[PDB]
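Report on the following structure.
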């Protein structure tokens, strides 16, 4: 019983942690695919107007 | 947030500055095309009368 209680406190079930890792991976790929666009947003206007 | 506020103070959006440069360029070309006329205004009268 002490190993059961200690285990809940320290050991973490994966089934949520694989999902959290997957959500962070999709957020990373979406954030990088957005970052490039953010980078090129200003150049089109300046060069186009200039 | 400090870079945002500092940026507004120092960085200037171009979209107005390209337009200001264009207005100054048209004013320069119009002022030079007027200056020549101003230069030749007196000669026609003096020579014509003389």
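FYI, it's all coordinate maths here, none of it is from the lab.
Considering the protein assembly as shown at the alpha-carbon level, its Rg and Dmax are found to be 34.0, 124 Å.
Using just its DSSP H runs of length 4 or more, each adding -39500 (n - 2.57), the protein assembly as shown gives a mean residue ellipticity at 222 nm of -31500 deg cm²/dmol after division by all residues. The length gained on full extension between residue B:25 and residue B:4, counted as 0.36 nm times the residue separation minus their Cα-Cα distance, comes to 4.4 nm. Computed on the Cα atoms alone, the convex hull of chain A gives a volume of 57 cubic angstrom per residue.
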